[PDB]
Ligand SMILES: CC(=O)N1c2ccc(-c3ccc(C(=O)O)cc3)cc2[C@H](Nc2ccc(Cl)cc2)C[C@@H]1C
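There is one chain below, alone, in structure tokens, taken in the form solved without the named molecule.
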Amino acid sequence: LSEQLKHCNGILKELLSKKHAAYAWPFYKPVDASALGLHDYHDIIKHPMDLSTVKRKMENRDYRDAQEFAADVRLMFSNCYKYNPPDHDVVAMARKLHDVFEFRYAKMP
């Protein structure tokens, strides 16, 4: 519970760390749809999510358990898979960071 949330915080720190920065960077901050010219993004994605939002939520004790934390991290990846064609560069980066996430999440106490 507290212990599972510590494991989740460890995962989050790893996802934001230099080790994974070459492919994690698209997930660091909310998608700025206007700035990127993605004028359909918010018609297609109902629930935006990104790692800075997950971090704020963890810091504020929003997540009561691991499952709630994981749902947001997975939501972030699902948004990427929903919006972008499956052969897009950002999707290749998502698959790698998602693999990092799932393998360490599976080691939950």
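In case it trips you up, residue 1 is the first one in the sequence shown, and so on.
Colleague: For the higher mean C-alpha B factor in the entry, choose 98-106 or 1-9.
Modeller: Stretch with the higher mean C-alpha B-factor: 1-9.
Colleague: Compare the mean C-alpha B-factor of 75-83 with that of 62-70 as given in the PDB entry, and name the stretch with the higher value.
Modeller: The deposited B-factors put 62-70 ahead on the C-alpha mean.
Colleague: Considering only modelled residues of the same chain, in which third does the CA B-factor of residue 35 rank: lowest, middle or highest?
Modeller: Tercile = highest for this residue's CA B-factor.
From this point on, the text means the form deposited with the named molecule bound, which you will not see here.
Colleague: Classify as open or blocked. Procedure: superimpose site C-alphas, place the named molecule with its pose in the deposited complex, test each ligand atom against backbone and C-beta atoms at 2.4 Å; 3 or more hits mean blocked.
Modeller: In the deposited complex, the named molecule occupies a site that, on this form, remains open once the ligand is superposed onto it.
Colleague: Closest heavy atom of residue 38 to the named molecule in the deposited complex, within 4.5 Å or not?
Modeller: Looking in the deposited complex, residue contacts with the named molecule include residue 38, since a heavy atom lies within 4.5 Å.
Colleague: Would you classify residue 80 as touching the named molecule in the deposited complex, given a 4.5 Å non-hydrogen atom cut-off?
Modeller: Yes, residue 80 sits close enough to the named molecule in the deposited complex that at least one of its heavy atoms falls within 4.5 Å.
Colleague: Are any of the heavy atoms in residue 93 no more than 4.5 Å from a heavy atom of the named molecule in the deposited complex?
Modeller: Yes - in the deposited complex, heavy atoms of residue 93 and the named molecule come within 4.5 Å of each other.
Colleague: With the cut-off set at 4.5 Å between non-hydrogen atoms, does residue 69 touch the named molecule in the deposited complex?
Modeller: Residue 69: no contact with the named molecule in the deposited complex.
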